[PDB]
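Student: Here you go, structure-v2.pdb (PDB, C-alpha atoms and all ligand atoms):
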ATOM      1  CA  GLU Y  12     149.351 103.707 159.794  1.00  0.00           C
ATOM      2  CA  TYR Y  13     150.181 105.296 156.431  1.00  0.00           C
ATOM      3  CA  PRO Y  14     153.115 103.162 155.136  1.00  0.00           C
ATOM      4  CA  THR Y  15     156.574 104.739 155.403  1.00  0.00           C
ATOM      5  CA  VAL Y  16     159.696 104.398 153.246  1.00  0.00           C
ATOM      6  CA  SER Y  17     161.574 101.872 155.414  1.00  0.00           C
ATOM      7  CA  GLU Y  18     158.494  99.621 155.451  1.00  0.00           C
ATOM      8  CA  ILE Y  19     158.189  99.049 151.709  1.00  0.00           C
ATOM      9  CA  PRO Y  20     160.999  97.101 150.044  1.00  0.00           C
ATOM     10  CA  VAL Y  21     161.749  98.402 146.542  1.00  0.00           C
ATOM     11  CA  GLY Y  22     159.555  96.265 144.304  1.00  0.00           C
ATOM     12  CA  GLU Y  23     156.582  96.089 146.646  1.00  0.00           C
ATOM     13  CA  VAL Y  24     153.472  98.263 146.653  1.00  0.00           C
ATOM     14  CA  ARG Y  25     150.998  99.069 149.419  1.00  0.00           C
ATOM     15  CA  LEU Y  26     147.412 100.288 149.086  1.00  0.00           C
ATOM     16  CA  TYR Y  27     145.827 102.727 151.528  1.00  0.00           C
ATOM     17  CA  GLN Y  28     142.082 103.450 151.702  1.00  0.00           C
ATOM     18  CA  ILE Y  29     141.465 107.214 151.772  1.00  0.00           C
ATOM     19  CA  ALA Y  30     137.651 107.357 151.476  1.00  0.00           C
ATOM     20  CA  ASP Y  31     135.791 104.638 149.687  1.00  0.00           C
ATOM     21  CA  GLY Y  32     136.361 104.415 145.980  1.00  0.00           C
ATOM     22  CA  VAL Y  33     139.634 106.238 146.631  1.00  0.00           C
ATOM     23  CA  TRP Y  34     142.978 104.657 147.563  1.00  0.00           C
ATOM     24  CA  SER Y  35     146.538 105.824 147.211  1.00  0.00           C
ATOM     25  CA  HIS Y  36     149.212 103.357 146.195  1.00  0.00           C
ATOM     26  CA  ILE Y  37     152.656 103.643 147.739  1.00  0.00           C
ATOM     27  CA  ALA Y  38     155.871 102.322 146.263  1.00  0.00           C
ATOM     28  CA  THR Y  39     159.570 102.952 146.720  1.00  0.00           C
ATOM     29  CA  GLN Y  40     162.431 103.590 144.334  1.00  0.00           C
ATOM     30  CA  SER Y  41     166.033 104.764 144.335  1.00  0.00           C
ATOM     31  CA  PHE Y  42     166.900 108.204 142.976  1.00  0.00           C
ATOM     32  CA  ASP Y  43     170.562 109.236 142.897  1.00  0.00           C
ATOM     33  CA  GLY Y  44     171.718 106.926 145.682  1.00  0.00           C
ATOM     34  CA  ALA Y  45     168.718 106.972 148.029  1.00  0.00           C
ATOM     35  CA  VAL Y  46     165.298 105.290 148.225  1.00  0.00           C
ATOM     36  CA  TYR Y  47     162.139 107.408 148.390  1.00  0.00           C
ATOM     37  CA  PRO Y  48     158.452 106.612 148.835  1.00  0.00           C
ATOM     38  CA  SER Y  49     155.997 107.658 146.118  1.00  0.00           C
ATOM     39  CA  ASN Y  50     152.204 107.954 145.950  1.00  0.00           C
ATOM     40  CA  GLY Y  51     149.589 107.388 143.289  1.00  0.00           C
ATOM     41  CA  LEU Y  52     145.797 107.240 143.306  1.00  0.00           C
ATOM     42  CA  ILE Y  53     143.205 104.567 142.605  1.00  0.00           C
ATOM     43  CA  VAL Y  54     139.565 105.523 142.085  1.00  0.00           C
ATOM     44  CA  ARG Y  55     136.615 103.173 141.786  1.00  0.00           C
ATOM     45  CA  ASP Y  56     134.937 103.750 138.436  1.00  0.00           C
ATOM     46  CA  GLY Y  57     131.747 101.698 138.443  1.00  0.00           C
ATOM     47  CA  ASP Y  58     132.839  98.105 137.829  1.00  0.00           C
ATOM     48  CA  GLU Y  59     136.308  99.323 136.819  1.00  0.00           C
ATOM     49  CA  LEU Y  60     139.193 101.250 138.383  1.00  0.00           C
ATOM     50  CA  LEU Y  61     140.875 104.474 137.312  1.00  0.00           C
ATOM     51  CA  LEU Y  62     144.577 104.682 138.062  1.00  0.00           C
ATOM     52  CA  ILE Y  63     146.342 107.969 138.741  1.00  0.00           C
ATOM     53  CA  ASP Y  64     150.078 107.554 138.023  1.00  0.00           C
ATOM     54  CA  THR Y  65     152.394 104.555 137.882  1.00  0.00           C
ATOM     55  CA  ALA Y  66     154.288 103.075 140.819  1.00  0.00           C
ATOM     56  CA  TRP Y  67     157.628 104.485 139.594  1.00  0.00           C
ATOM     57  CA  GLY Y  68     158.953 101.656 137.435  1.00  0.00           C
ATOM     58  CA  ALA Y  69     157.973  98.576 135.448  1.00  0.00           C
ATOM     59  CA  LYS Y  70     158.489  96.048 138.227  1.00  0.00           C
ATOM     60  CA  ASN Y  71     156.744  98.227 140.858  1.00  0.00           C
ATOM     61  CA  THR Y  72     153.804  98.873 138.508  1.00  0.00           C
ATOM     62  CA  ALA Y  73     153.485  95.150 137.878  1.00  0.00           C
ATOM     63  CA  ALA Y  74     153.411  94.703 141.656  1.00  0.00           C
ATOM     64  CA  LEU Y  75     150.788  97.454 141.793  1.00  0.00           C
ATOM     65  CA  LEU Y  76     148.398  95.648 139.459  1.00  0.00           C
ATOM     66  CA  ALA Y  77     148.928  92.403 141.382  1.00  0.00           C
ATOM     67  CA  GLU Y  78     148.234  94.162 144.690  1.00  0.00           C
ATOM     68  CA  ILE Y  79     145.136  95.828 143.211  1.00  0.00           C
ATOM     69  CA  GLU Y  80     143.899  92.462 141.959  1.00  0.00           C
ATOM     70  CA  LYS Y  81     144.458  90.999 145.433  1.00  0.00           C
ATOM     71  CA  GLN Y  82     142.899  93.777 147.561  1.00  0.00           C
ATOM     72  CA  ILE Y  83     140.228  95.275 145.304  1.00  0.00           C
ATOM     73  CA  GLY Y  84     139.594  92.715 142.575  1.00  0.00           C
ATOM     74  CA  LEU Y  85     138.351  95.040 139.804  1.00  0.00           C
ATOM     75  CA  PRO Y  86     140.185  95.689 136.526  1.00  0.00           C
ATOM     76  CA  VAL Y  87     142.143  98.897 135.997  1.00  0.00           C
ATOM     77  CA  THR Y  88     140.960 100.161 132.618  1.00  0.00           C
ATOM     78  CA  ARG Y  89     142.390 103.667 132.517  1.00  0.00           C
ATOM     79  CA  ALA Y  90     145.362 105.550 133.913  1.00  0.00           C
ATOM     80  CA  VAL Y  91     146.374 109.203 133.968  1.00  0.00           C
ATOM     81  CA  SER Y  92     149.946 110.410 134.518  1.00  0.00           C
ATOM     82  CA  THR Y  93     150.141 113.804 136.235  1.00  0.00           C
ATOM     83  CA  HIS Y  94     153.560 114.880 134.865  1.00  0.00           C
ATOM     84  CA  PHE Y  95     156.422 113.446 132.805  1.00  0.00           C
ATOM     85  CA  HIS Y  96     158.838 112.133 135.479  1.00  0.00           C
ATOM     86  CA  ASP Y  97     159.439 108.394 135.923  1.00  0.00           C
ATOM     87  CA  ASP Y  98     157.485 108.249 139.186  1.00  0.00           C
ATOM     88  CA  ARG Y  99     154.439 109.166 137.075  1.00  0.00           C
ATOM     89  CA  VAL Y 100     155.002 107.459 133.694  1.00  0.00           C
ATOM     90  CA  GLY Y 101     157.566 104.818 134.614  1.00  0.00           C
ATOM     91  CA  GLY Y 102     155.543 101.669 134.092  1.00  0.00           C
ATOM     92  CA  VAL Y 103     152.991 102.740 131.476  1.00  0.00           C
ATOM     93  CA  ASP Y 104     154.336 100.030 129.193  1.00  0.00           C
ATOM     94  CA  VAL Y 105     153.357  97.392 131.764  1.00  0.00           C
ATOM     95  CA  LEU Y 106     149.989  99.109 132.061  1.00  0.00           C
ATOM     96  CA  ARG Y 107     149.601  99.041 128.263  1.00  0.00           C
ATOM     97  CA  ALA Y 108     150.444  95.332 128.100  1.00  0.00           C
ATOM     98  CA  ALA Y 109     147.875  94.743 130.846  1.00  0.00           C
ATOM     99  CA  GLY Y 110     145.086  96.243 128.756  1.00  0.00           C
ATOM    100  CA  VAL Y 111     145.098  99.647 130.471  1.00  0.00           C
ATOM    101  CA  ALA Y 112     144.427 102.689 128.283  1.00  0.00           C
ATOM    102  CA  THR Y 113     147.001 105.310 129.319  1.00  0.00           C
ATOM    103  CA  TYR Y 114     146.506 109.071 129.342  1.00  0.00           C
ATOM    104  CA  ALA Y 115     148.475 112.296 129.761  1.00  0.00           C
ATOM    105  CA  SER Y 116     148.280 115.869 128.493  1.00  0.00           C
ATOM    106  CA  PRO Y 117     150.023 116.339 125.137  1.00  0.00           C
ATOM    107  CA  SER Y 118     152.377 118.576 127.083  1.00  0.00           C
ATOM    108  CA  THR Y 119     153.329 115.682 129.380  1.00  0.00           C
ATOM    109  CA  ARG Y 120     153.632 113.246 126.463  1.00  0.00           C
ATOM    110  CA  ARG Y 121     156.116 115.379 124.514  1.00  0.00           C
ATOM    111  CA  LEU Y 122     158.075 116.219 127.669  1.00  0.00           C
ATOM    112  CA  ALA Y 123     158.411 112.491 128.250  1.00  0.00           C
ATOM    113  CA  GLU Y 124     159.350 111.671 124.657  1.00  0.00           C
ATOM    114  CA  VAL Y 125     162.193 114.176 124.740  1.00  0.00           C
ATOM    115  CA  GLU Y 126     163.577 112.928 128.045  1.00  0.00           C
ATOM    116  CA  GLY Y 127     163.235 109.338 126.935  1.00  0.00           C
ATOM    117  CA  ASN Y 128     160.657 108.249 129.515  1.00  0.00           C
ATOM    118  CA  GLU Y 129     157.705 105.977 128.762  1.00  0.00           C
ATOM    119  CA  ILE Y 130     154.872 107.760 126.946  1.00  0.00           C
ATOM    120  CA  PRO Y 131     151.173 107.464 127.772  1.00  0.00           C
ATOM    121  CA  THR Y 132     149.230 106.449 124.647  1.00  0.00           C
ATOM    122  CA  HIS Y 133     146.382 108.996 124.682  1.00  0.00           C
ATOM    123  CA  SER Y 134     146.381 112.805 124.811  1.00  0.00           C
ATOM    124  CA  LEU Y 135     144.037 114.635 127.175  1.00  0.00           C
ATOM    125  CA  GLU Y 136     142.361 117.670 125.578  1.00  0.00           C
ATOM    126  CA  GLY Y 137     141.325 120.823 127.416  1.00  0.00           C
ATOM    127  CA  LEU Y 138     144.234 121.553 129.779  1.00  0.00           C
ATOM    128  CA  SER Y 139     146.776 123.492 127.708  1.00  0.00           C
ATOM    129  CA  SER Y 140     146.286 126.753 129.649  1.00  0.00           C
ATOM    130  CA  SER Y 141     146.700 127.516 133.347  1.00  0.00           C
ATOM    131  CA  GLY Y 142     143.373 127.139 135.111  1.00  0.00           C
ATOM    132  CA  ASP Y 143     141.874 124.730 132.578  1.00  0.00           C
ATOM    133  CA  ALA Y 144     139.840 121.807 133.869  1.00  0.00           C
ATOM    134  CA  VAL Y 145     138.271 118.751 132.252  1.00  0.00           C
ATOM    135  CA  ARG Y 146     136.309 115.865 133.683  1.00  0.00           C
ATOM    136  CA  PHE Y 147     137.589 112.314 133.356  1.00  0.00           C
ATOM    137  CA  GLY Y 148     135.217 109.666 134.614  1.00  0.00           C
ATOM    138  CA  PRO Y 149     135.031 109.864 138.439  1.00  0.00           C
ATOM    139  CA  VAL Y 150     137.605 112.675 138.679  1.00  0.00           C
ATOM    140  CA  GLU Y 151     138.382 116.172 137.433  1.00  0.00           C
ATOM    141  CA  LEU Y 152     141.801 117.080 136.055  1.00  0.00           C
ATOM    142  CA  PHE Y 153     143.280 120.565 136.531  1.00  0.00           C
ATOM    143  CA  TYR Y 154     146.322 122.282 134.992  1.00  0.00           C
ATOM    144  CA  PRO Y 155     147.348 125.064 137.455  1.00  0.00           C
ATOM    145  CA  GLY Y 156     150.334 126.225 135.439  1.00  0.00           C
ATOM    146  CA  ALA Y 157     154.046 125.512 135.838  1.00  0.00           C
ATOM    147  CA  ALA Y 158     155.190 124.497 139.335  1.00  0.00           C
ATOM    148  CA  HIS Y 159     157.121 121.316 140.104  1.00  0.00           C
ATOM    149  CA  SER Y 160     157.167 120.948 136.321  1.00  0.00           C
ATOM    150  CA  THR Y 161     155.717 122.931 133.414  1.00  0.00           C
ATOM    151  CA  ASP Y 162     153.229 120.156 132.591  1.00  0.00           C
ATOM    152  CA  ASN Y 163     152.039 119.179 136.088  1.00  0.00           C
ATOM    153  CA  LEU Y 164     148.350 118.402 136.638  1.00  0.00           C
ATOM    154  CA  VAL Y 165     146.487 117.909 139.915  1.00  0.00           C
ATOM    155  CA  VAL Y 166     143.546 115.547 140.369  1.00  0.00           C
ATOM    156  CA  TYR Y 167     140.300 115.927 142.298  1.00  0.00           C
ATOM    157  CA  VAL Y 168     137.658 113.365 143.223  1.00  0.00           C
ATOM    158  CA  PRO Y 169     134.398 115.323 143.744  1.00  0.00           C
ATOM    159  CA  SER Y 170     132.447 112.542 145.465  1.00  0.00           C
ATOM    160  CA  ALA Y 171     135.216 112.281 148.072  1.00  0.00           C
ATOM    161  CA  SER Y 172     136.696 115.792 148.264  1.00  0.00           C
ATOM    162  CA  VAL Y 173     140.118 114.202 147.817  1.00  0.00           C
ATOM    163  CA  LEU Y 174     142.706 116.471 146.209  1.00  0.00           C
ATOM    164  CA  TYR Y 175     145.665 114.616 144.732  1.00  0.00           C
ATOM    165  CA  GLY Y 176     148.330 117.281 144.265  1.00  0.00           C
ATOM    166  CA  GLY Y 177     151.099 115.181 142.813  1.00  0.00           C
ATOM    167  CA  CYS Y 178     154.662 116.411 143.025  1.00  0.00           C
ATOM    168  CA  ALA Y 179     153.674 120.070 142.721  1.00  0.00           C
ATOM    169  CA  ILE Y 180     152.481 119.620 146.303  1.00  0.00           C
ATOM    170  CA  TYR Y 181     154.861 118.750 149.182  1.00  0.00           C
ATOM    171  CA  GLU Y 182     154.066 116.785 152.330  1.00  0.00           C
ATOM    172  CA  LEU Y 183     154.218 118.674 155.652  1.00  0.00           C
ATOM    173  CA  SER Y 184     157.529 117.331 157.065  1.00  0.00           C
ATOM    174  CA  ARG Y 185     159.421 118.342 153.905  1.00  0.00           C
ATOM    175  CA  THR Y 186     161.209 121.643 154.624  1.00  0.00           C
ATOM    176  CA  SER Y 187     163.576 121.919 151.652  1.00  0.00           C
ATOM    177  CA  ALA Y 188     163.025 122.286 147.894  1.00  0.00           C
ATOM    178  CA  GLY Y 189     165.108 119.305 146.849  1.00  0.00           C
ATOM    179  CA  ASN Y 190     165.179 118.579 143.121  1.00  0.00           C
ATOM    180  CA  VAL Y 191     163.565 121.370 141.085  1.00  0.00           C
ATOM    181  CA  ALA Y 192     165.640 121.152 137.900  1.00  0.00           C
ATOM    182  CA  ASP Y 193     162.457 120.819 135.816  1.00  0.00           C
ATOM    183  CA  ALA Y 194     160.450 123.409 137.755  1.00  0.00           C
ATOM    184  CA  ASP Y 195     159.451 127.040 137.229  1.00  0.00           C
ATOM    185  CA  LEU Y 196     160.152 128.436 140.668  1.00  0.00           C
ATOM    186  CA  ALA Y 197     158.860 131.952 139.921  1.00  0.00           C
ATOM    187  CA  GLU Y 198     155.458 130.603 138.837  1.00  0.00           C
ATOM    188  CA  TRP Y 199     155.082 127.733 141.360  1.00  0.00           C
ATOM    189  CA  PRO Y 200     153.459 129.845 144.131  1.00  0.00           C
ATOM    190  CA  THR Y 201     151.044 131.301 141.554  1.00  0.00           C
ATOM    191  CA  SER Y 202     150.125 127.829 140.285  1.00  0.00           C
ATOM    192  CA  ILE Y 203     149.447 126.671 143.837  1.00  0.00           C
ATOM    193  CA  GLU Y 204     147.223 129.658 144.508  1.00  0.00           C
ATOM    194  CA  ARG Y 205     145.286 128.688 141.390  1.00  0.00           C
ATOM    195  CA  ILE Y 206     144.813 125.310 143.058  1.00  0.00           C
ATOM    196  CA  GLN Y 207     143.720 126.930 146.316  1.00  0.00           C
ATOM    197  CA  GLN Y 208     141.277 129.159 144.514  1.00  0.00           C
ATOM    198  CA  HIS Y 209     139.924 126.164 142.575  1.00  0.00           C
ATOM    199  CA  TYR Y 210     139.335 123.413 145.189  1.00  0.00           C
ATOM    200  CA  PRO Y 211     138.653 125.228 148.495  1.00  0.00           C
ATOM    201  CA  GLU Y 212     136.401 122.428 149.819  1.00  0.00           C
ATOM    202  CA  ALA Y 213     139.167 119.805 149.695  1.00  0.00           C
ATOM    203  CA  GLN Y 214     139.195 117.513 152.734  1.00  0.00           C
ATOM    204  CA  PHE Y 215     142.229 115.383 151.880  1.00  0.00           C
ATOM    205  CA  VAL Y 216     145.253 116.552 149.945  1.00  0.00           C
ATOM    206  CA  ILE Y 217     147.699 113.888 148.796  1.00  0.00           C
ATOM    207  CA  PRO Y 218     151.258 114.944 147.982  1.00  0.00           C
ATOM    208  CA  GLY Y 219     153.263 113.113 145.317  1.00  0.00           C
ATOM    209  CA  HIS Y 220     155.577 111.901 148.087  1.00  0.00           C
ATOM    210  CA  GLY Y 221     154.898 111.468 151.764  1.00  0.00           C
ATOM    211  CA  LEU Y 222     151.964 111.598 154.154  1.00  0.00           C
ATOM    212  CA  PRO Y 223     148.471 113.003 153.467  1.00  0.00           C
ATOM    213  CA  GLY Y 224     147.403 116.434 154.717  1.00  0.00           C
ATOM    214  CA  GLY Y 225     144.839 119.157 154.073  1.00  0.00           C
ATOM    215  CA  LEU Y 226     144.752 122.389 152.024  1.00  0.00           C
ATOM    216  CA  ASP Y 227     147.276 122.856 154.730  1.00  0.00           C
ATOM    217  CA  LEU Y 228     149.884 121.461 152.320  1.00  0.00           C
ATOM    218  CA  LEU Y 229     149.615 124.202 149.669  1.00  0.00           C
ATOM    219  CA  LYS Y 230     150.856 127.279 151.550  1.00  0.00           C
ATOM    220  CA  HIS Y 231     153.507 125.049 153.101  1.00  0.00           C
ATOM    221  CA  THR Y 232     154.767 124.252 149.610  1.00  0.00           C
ATOM    222  CA  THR Y 233     154.806 127.914 148.590  1.00  0.00           C
ATOM    223  CA  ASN Y 234     156.733 128.706 151.771  1.00  0.00           C
ATOM    224  CA  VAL Y 235     159.291 126.021 150.898  1.00  0.00           C
ATOM    225  CA  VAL Y 236     159.794 127.081 147.279  1.00  0.00           C
TER     226      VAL Y 236
HETATM  227  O1  LIG R 301     162.925 113.293 138.969  1.00  0.00           O
HETATM  228  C1  LIG R 301     162.759 113.987 139.968  1.00  0.00           C
HETATM  229  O2  LIG R 301     163.281 115.101 140.024  1.00  0.00           O
HETATM  230  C2  LIG R 301     161.886 113.503 141.127  1.00  0.00           C
HETATM  231  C3  LIG R 301     160.591 112.886 140.604  1.00  0.00           C
HETATM  232  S1  LIG R 301     159.150 113.759 141.317  1.00  0.00           S
HETATM  233  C4  LIG R 301     162.631 112.556 142.070  1.00  0.00           C
HETATM  234  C5  LIG R 301     161.836 112.425 143.371  1.00  0.00           C
HETATM  235  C6  LIG R 301     162.659 111.864 144.532  1.00  0.00           C
HETATM  236  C7  LIG R 301     162.260 112.609 145.809  1.00  0.00           C
HETATM  237  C8  LIG R 301     160.934 112.615 146.241  1.00  0.00           C
HETATM  238  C9  LIG R 301     160.548 113.436 147.295  1.00  0.00           C
HETATM  239  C10 LIG R 301     161.487 114.250 147.926  1.00  0.00           C
HETATM  240  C11 LIG R 301     162.814 114.234 147.504  1.00  0.00           C
HETATM  241  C12 LIG R 301     163.199 113.413 146.448  1.00  0.00           C
HETATM  242 ZN    ZN R 302     158.436 115.061 139.323  1.00  0.00          ZN
HETATM  243 ZN    ZN R 303     157.470 112.894 142.244  1.00  0.00          ZN
END
Can you dump the structure from the file as structure tokens?
Ligand SMILES: O=C(O)[C@@H](CS)CCCc1ccccc1
Ligand SMILES: [Zn+2]
Ligand SMILES: [Zn+2]

Tutor:
Amino acid sequence: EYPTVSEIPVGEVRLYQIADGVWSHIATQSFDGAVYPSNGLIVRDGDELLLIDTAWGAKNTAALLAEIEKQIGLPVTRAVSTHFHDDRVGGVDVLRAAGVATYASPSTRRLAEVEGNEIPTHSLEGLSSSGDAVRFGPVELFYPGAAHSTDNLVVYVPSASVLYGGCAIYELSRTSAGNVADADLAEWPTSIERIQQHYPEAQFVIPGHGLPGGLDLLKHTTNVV
């Protein structure tokens, strides 16, 4: 039922209900010769929607807003990028032009400026040190320390016990490290434990790529790194 990579043509976006007020958006994009699926989060925020990450590109993100408009019908007013890679910030310009206020930690914003990626407009205070947490509307943002990247944040929806781990967290079927050029391998396992120790009542854990799982996904990631 969860959409797979061969089912989403590059340019299209699917929405998947995870609990109500919480959806994940799935898009596809090529990366060094191959196409991969990628997840993001959507959270109902009163009469508005909070977006967690872009759909990996300008055209995909445009498709995302259109799909949101078609299936949910509420405006996306804010977005948070969980790290500096293009599958997280690629498309913030389309979001900006659509009236969406974009956010990211200052760490993410400068890591994106130096790599030449799109840069979220606003800086998120209170997450510069491992273990820091801040609330942001219907969700709580957490900076566990360097893992997939040195700036990676994870997101938690209290009212739904949904833990969005981003690309610091791997799906279950993934048994190899893959690309970790921007990671801190030595610290990764420690950052994940910080996540474990911080959201032990998580019911759903969404990886940055692939199928949903449980807290089950954390140790699996450590074991793969
Ligand atoms: O820039 C990067 O290093 C990554 C963005 S998270 C590319 C992700 C592509 C991919 C996603 C999941 C598994 C293997 C490859
Ligand atoms: Zn990444
Ligand atoms: Zn990723």

Student: Considering all atoms listed in the file, return as a list in words whatever protein or nucleic-acid residues lie within 8 Å of segment 25-37 of chain Y, sequence-local ones (same chain, fewer than 3 positions apart) excluded.

Tutor: residues 13, 14, 19, 48, 49, 50, 51, 52, 53, 54, 55, 56, 66, 75, 78, 79 and 171 of chain Y

Student: What residues of the protein or nucleic acid chains come within 6 Å of ligand ZN 303 (chain R) when you use all atoms listed in the file? Reply as a PyMOL selection string.

Tutor: chain Y and resi 98+178+219

Student: Output the residue selection produced by the PyMOL selection byres (((chain Y and resi 59) around 9) and not hetatm) on the file above, formatted as a PyMOL selection string.

Tutor: chain Y and resi 54-58+60-61+85-89

Student: Kindly provide, as a count of residues only, all nucleotide and amino acid residues lying within 10 Å of ligand LIG 301 (chain R), counting all atoms listed in the file.

Tutor: 39

Student: Just want the 8 Å neighbourhood of residue 90 of chain Y, counted on only C-alpha atoms, with same-chain residues fewer than 2 positions away dropped. Output as an mmCIF file with C-alpha atoms, in the frame of the given file.

Tutor:
data_model
loop_
_atom_site.group_PDB
_atom_site.id
_atom_site.type_symbol
_atom_site.label_atom_id
_atom_site.label_comp_id
_atom_site.auth_asym_id
_atom_site.auth_seq_id
_atom_site.Cartn_x
_atom_site.Cartn_y
_atom_site.Cartn_z
ATOM 1 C CA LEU Y 61 140.875 104.474 137.312
ATOM 2 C CA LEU Y 62 144.577 104.682 138.062
ATOM 3 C CA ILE Y 63 146.342 107.969 138.741
ATOM 4 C CA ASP Y 64 150.078 107.554 138.023
ATOM 5 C CA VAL Y 87 142.143 98.897 135.997
ATOM 6 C CA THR Y 88 140.960 100.161 132.618
ATOM 7 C CA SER Y 92 149.946 110.410 134.518
ATOM 8 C CA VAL Y 111 145.098 99.647 130.471
ATOM 9 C CA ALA Y 112 144.427 102.689 128.283
ATOM 10 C CA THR Y 113 147.001 105.310 129.319
ATOM 11 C CA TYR Y 114 146.506 109.071 129.342
#

Student: Restricting the calculation to all atoms listed in the file, which member of Y:156, Y:212, Y:100, Y:170 is positioned closest to ligand ZN 302 (chain R)?

Tutor: Y:100

Student: Kindly give the distance, in Å, that separates atom CA of residue 23 of chain Y and atom CA of residue 74 of chain Y, rounded to a single decimal.

Tutor: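 Here the two named atoms are 6.1 Å from each other.
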
Student: Run the PyMOL selection byres (((chain Y and resi 199) around 12) and not hetatm) against the file shown and list the residues it catches, as a CSV table (one decimal) with C-alpha atoms, keeping the file's coordinate frame.

Tutor:
chain,number,residue,atom,x,y,z
Y,141,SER,CA,146.7,127.5,133.3
Y,155,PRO,CA,147.3,125.1,137.5
Y,156,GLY,CA,150.3,126.2,135.4
Y,157,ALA,CA,154.0,125.5,135.8
Y,158,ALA,CA,155.2,124.5,139.3
Y,159,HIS,CA,157.1,121.3,140.1
Y,160,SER,CA,157.2,120.9,136.3
Y,161,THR,CA,155.7,122.9,133.4
Y,162,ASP,CA,153.2,120.2,132.6
Y,163,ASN,CA,152.0,119.2,136.1
Y,178,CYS,CA,154.7,116.4,143.0
Y,179,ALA,CA,153.7,120.1,142.7
Y,180,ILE,CA,152.5,119.6,146.3
Y,181,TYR,CA,154.9,118.8,149.2
Y,188,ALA,CA,163.0,122.3,147.9
Y,191,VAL,CA,163.6,121.4,141.1
Y,193,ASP,CA,162.5,120.8,135.8
Y,194,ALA,CA,160.4,123.4,137.8
Y,195,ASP,CA,159.5,127.0,137.2
Y,196,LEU,CA,160.2,128.4,140.7
Y,197,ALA,CA,158.9,132.0,139.9
Y,198,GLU,CA,155.5,130.6,138.8
Y,200,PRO,CA,153.5,129.8,144.1
Y,201,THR,CA,151.0,131.3,141.6
Y,202,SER,CA,150.1,127.8,140.3
Y,203,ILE,CA,149.4,126.7,143.8
Y,204,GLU,CA,147.2,129.7,144.5
Y,205,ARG,CA,145.3,128.7,141.4
Y,206,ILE,CA,144.8,125.3,143.1
Y,229,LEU,CA,149.6,124.2,149.7
Y,230,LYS,CA,150.9,127.3,151.6
Y,232,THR,CA,154.8,124.3,149.6
Y,233,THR,CA,154.8,127.9,148.6
Y,234,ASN,CA,156.7,128.7,151.8
Y,235,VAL,CA,159.3,126.0,150.9
Y,236,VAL,CA,159.8,127.1,147.3
